[PDB]
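Letters A, B, ... mirror the listed sequences (proteins, then strands); counts begin at 1.
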4 protein chains.
Amino acid sequence: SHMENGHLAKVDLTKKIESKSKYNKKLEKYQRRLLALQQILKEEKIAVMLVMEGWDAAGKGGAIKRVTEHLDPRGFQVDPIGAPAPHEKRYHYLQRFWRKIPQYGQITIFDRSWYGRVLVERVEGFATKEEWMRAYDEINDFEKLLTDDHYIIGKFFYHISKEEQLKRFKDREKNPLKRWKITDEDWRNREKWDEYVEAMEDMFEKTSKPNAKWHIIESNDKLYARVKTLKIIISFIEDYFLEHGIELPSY
Amino acid sequence: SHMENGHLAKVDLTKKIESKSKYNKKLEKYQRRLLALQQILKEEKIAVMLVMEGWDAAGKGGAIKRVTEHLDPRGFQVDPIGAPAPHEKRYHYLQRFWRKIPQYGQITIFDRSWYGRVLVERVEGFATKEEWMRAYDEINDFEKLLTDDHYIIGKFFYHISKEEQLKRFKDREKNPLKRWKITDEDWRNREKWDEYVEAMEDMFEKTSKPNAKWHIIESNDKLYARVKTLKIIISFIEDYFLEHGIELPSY
Amino acid sequence: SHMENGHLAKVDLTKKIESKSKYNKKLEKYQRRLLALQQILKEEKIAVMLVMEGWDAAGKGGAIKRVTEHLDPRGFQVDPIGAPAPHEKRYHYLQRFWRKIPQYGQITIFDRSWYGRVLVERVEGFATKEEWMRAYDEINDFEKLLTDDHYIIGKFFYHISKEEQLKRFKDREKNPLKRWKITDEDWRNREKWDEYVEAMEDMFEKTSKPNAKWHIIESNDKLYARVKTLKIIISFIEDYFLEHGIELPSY
Amino acid sequence: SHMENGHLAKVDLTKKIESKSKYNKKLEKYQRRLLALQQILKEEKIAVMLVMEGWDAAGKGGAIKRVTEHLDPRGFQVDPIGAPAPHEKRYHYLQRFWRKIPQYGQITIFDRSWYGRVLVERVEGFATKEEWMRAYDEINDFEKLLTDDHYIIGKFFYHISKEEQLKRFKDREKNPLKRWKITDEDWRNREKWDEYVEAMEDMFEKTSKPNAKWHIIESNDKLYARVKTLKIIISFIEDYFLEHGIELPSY
């Protein structure tokens with residue numbers, strides 16, 4: 001099929017970090033670096049937008065936590081994106097995202113995003129064929145608007161196996177503290193798994209751009225995922241500084 | 001030159017309505033019609049955006065007043081657009097407009113607009129060459145986003161002669177009630193008149209689209225201007241209703 | 001009764017301005033003065049809040065129009081207050097007013113106000129006995145907060161006879177342009193007229209304060225009403241300037 | 001002195017939890033309970049406001065983290081309060097807090113608060129004598145407004161010794177990840193320590209009310225502090241449910 005040579009099928013899900021302590025050392029290393037870059041970001045009038053998509057339970061929440069753990073909370077916002085509330089449905093679909101875009105020197109992090117227009121909204125049919133079919137180009141224009149200006153955009157997709165999802169779904173059910181986090185909605189979405197793959201493959205084809213790359217994170221192991229998120233970010237910020245003459249902190 | 005066969009040079013500035021009373025009758029006729037359409041707008045989940053550009057003193061303020069005089073104030077907002085305030089300069093240039101776009105069933109009216117990016121911002125150099133050169137396509141995308149959805153957009157440009165501007169500038173100075181309304185800024189802008197023409201011609205070429213037409217209103221006579229504004233609006237709303245199956249009120 | 005020696009019963013409804021032209025001269029005189037004070041307001045970090053209450057059709061809308069006709073629209077906002085929308089009902093009742101209070105140097109004008117908590121909300125029972133009974137002191141605290149700071153507050157009540165209301169209700173029905181403006185709600189409220197009087201008398205007793213006076217405007221004649229509104233405003237602004245050392249423009 | 005029999009001098013700073021594991025068990029116990037109450041909160045149209053004040057480094061940040069760790073992020077906001085930004089200084093001092101108050105069913109958490117008007121603003125003289133002297137009663141009115149409605153308010157003050165502060169200040173300096181978190185401002189404020197005590201004692205006297213109690217948390221040991229925060233919250237929520245007939249989850 002096309003799903004046999006698709007992006008998600010080609011992903012090596014064996015990736016991992018075996019030692020918990022060598023994880024902690026790498027995290028703290030990358031956390032230090034990211035904080036140093038946050039100071040240069042604040043001064044230099046550059047805004048960062050991070051988009052995080054993926055399967056339910058795939059560890060977007062976990063990754064964001066590690067990205068922001070030791071950042072200054074005054075310099076970042078985390079925006080968790082669900083279904084449009086009734087007040088948002090009265091405006092064009094992008095209006096609610098435009099209100100959340102960071103000011104210069106600031107980071108906004110999207111737990112889900114506008115990409116819902118071509119995922120959940122497509123598969124559940126909340127958006128018509130015409131709406132989701134034109135939306136890829138709308139989303140690209142939106143990204144380019146900001147990147148042609150002084151925004152940096154990074155997009156991450158956390159990929160896990162269907163079997164790993166089930167293991168995590170079961171653990172969220174057994175733990176009382178995590179029992180919110182798993183709902184009938186979560187199970188419904190796993191049932192549509194293969195429709196989602198089709199939709200996610202189209203998204204990687206249509207909306208992976210030089211100014212706004214999709215990064216597919218192998219996420220069966222949370223440790224690898226979290227550390228690779230930090231690594232990719234640090235890298236695309238440094239690349240941006242080097243390109244535009246800004247001076248890096250200890251590189 | 002190109003300004004000899006430009007849009008603004010071809011405009012017939014002699015247009016007028018001689019009788020004040022035949023003006024009042026036409027206004028009230030079109031005002032009644034527009035109110036009737038406002039009820040259909042509210043119910044039907046359609047949003048209208050009006051953009052008004054033009055020379056200082058050209059009568060945008062006057063036109064808006066006649067458009068909204070007998071409308072329900074709960075169903076429209078008038079947004080007067082000046083230079084970005086310090087808080088707006090911290091975000092991408094379109095963010096402040098996205099916050100002002102109408103909800104469905106509502107009208108927003110822009111006294112100036114995003115088009116400032118390719119007019120004042122160009123001539124005074126607040127926007128670089130790259131910024132204003134790419135902005136025409138950005139503005140077009142923005143308009144099409146909304147028109148591909150459920151927004152109707154109408155753009156009006158109020159054109160007067162340089163001599164008529166001077167007459168109005170002088171009257172605003174003599175009348176104490178109108179003395180705000182004329183500033184050093186106004187005089188500065190008249191000095192750059194021919195740069196503005198060049199910039200306005202480019203705008204009419206680049207951003208006049210089937211879904212979002214520029215309408216050049218002959219405005220040496222305020223009466224004609226005001227009545228032609230109402231006429232054009234009524235028309236493009238009715239056209240939208242006819243196209244999308246909605247039923248008109250007494251047409 | 002108490003309504004025989006009430007505030008509204010004592011009001012002389014014969015007040016009028018006989019000559020339309022002597023009205024126009026007085027209006028323009030007071031409009032010039034108010035604009036001059038608006039410049040001193042902007043510079044001096046003082047905010048003005050105007051509250052307008054009254055019967056339906058009593059001319060609040062008309063008065064506001066004359067107050068703002070020749071003011072700079074960048075220095076004032078007019079906020080028309082209806083029943084709380086669903087999104088506002090999720091917060092405490094004053095939260096929606098706190099969002100509308102003017103910044104320093106600016107004027108906000110309330111077409112209705114928080115006073116709805118002790119009028120419509122009382123008579124229609126949208127607010128319990130406890131809620132509206134404690135609300136007078138809450139509203140007083142709110143006013144004093146702002147007046148103890150750098151806000152000036154003026155409150156106006158437009159009083160007309162029951163017979164004058166009916167005449168205006170009939171005219172709004174016959175004129176197509178004014179037919180919005182009269183609804184079943186308007187008729188329902190006239191039926192509760194005497195409950196409203198009781199509620200309005202309590203409000204004048206409980207919430208008329210030195211820092212925030214109620215001004216009962218005789219409004220059977222729109223002309224007198226409009227001109228007396230401007231006169232009272234000009235006066236309480238000038239008084240504020242004199243009290244706090246600010247220098248007036250041509251007094 | 002008065003500071004010898006003051007609230008903060010009477011506090012027993014020896015309080016602690018010796019075992020890290022018996023801490024983890026208690027935290028998870030109270031975290032489970034709080035989540036269960038969060039579901040009843042959402043359904044029942046009750047809003048919670050938590051205020052957290054205290055010395056720099058006293059563990060407000062730590063406490064909030066434990067309070068919210070296993071809560072649904074869609075049902076709470078954490079608002080970190082610094083000095084007013086230029087845009088906030090254009091409005092009355094409480095306006096920025098009114099924008100942050102939770103909707104019904106939601107929790108807002110203030111890392112600092114309006115109480116800055118009678119602490120930092122007093123000692124550094126950003127607020128005049130008249131301003132901070134009247135502010136205690138203003139703050140009380142504000143709290144009572146919300147408590148007379150359907151808001152629950154809990155206020156926490158995290159108290160540590162001057163010597164413990166120094167130890168933490170030194171640790172924040174040595175750790176690169178925590179080096180933001182300690183600034184010249186932090187050192188300046190420790191120099192004014194005794195002025196702060198005077199100001200905090202006045203605040204506990206003037207603004208500790210039955211509907212809005214101050215809870216002085218012994219915080220030399222972070223573990224005790226965090227667990228006592230959860231305990232107090234769970235308790236004042238349960239008390240509110242019992243008082244108003246709502247049924248508790250497993251009590």
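- Heavy-atom contacts from other residues, nucleotides or ligands closer than 6.0 Å to NZ of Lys100(A) number more than 12.
- Atom CZ of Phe236(D) sits in a crowded spot, with more than 12 heavy atoms from other residues, nucleotides or ligands closer than 6.0 Å.
- Proximity to chain D (any heavy atom under 4.5 Å) is shown, for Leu177(A), by both the backbone and the side chain.
- A distance of 11.5 Å separates CD1 in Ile81(D) from CZ in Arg74(A), rounded to the nearest 0.5 Å.
- For NZ of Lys222(D), the number of neighbouring non-hydrogen atoms (other residues, nucleotides, ligands) closer than 6.0 Å is 12 at most.
- Residues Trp180(A) and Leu71(D) share a closest heavy-atom pair of CZ2-O, 3.5 Å.
- Annotation: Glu247(D), atom CD; neighbour count of heavy atoms from other residues, nucleotides and ligands within 6.0 Å does not exceed 12.
- Other residues, nucleotides and ligands contribute only 12 or fewer heavy atoms inside 6.0 Å of the NZ atom of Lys170(D).
- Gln39(A) contributes atom CD, which lies 11.0 Å from atom CZ of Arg179(D) (distance to the nearest 0.5 angstrom).
- Rounding to the nearest 0.5 Å gives a distance of 7.0 Å between NE2 of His70(A) and NZ of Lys181(D).
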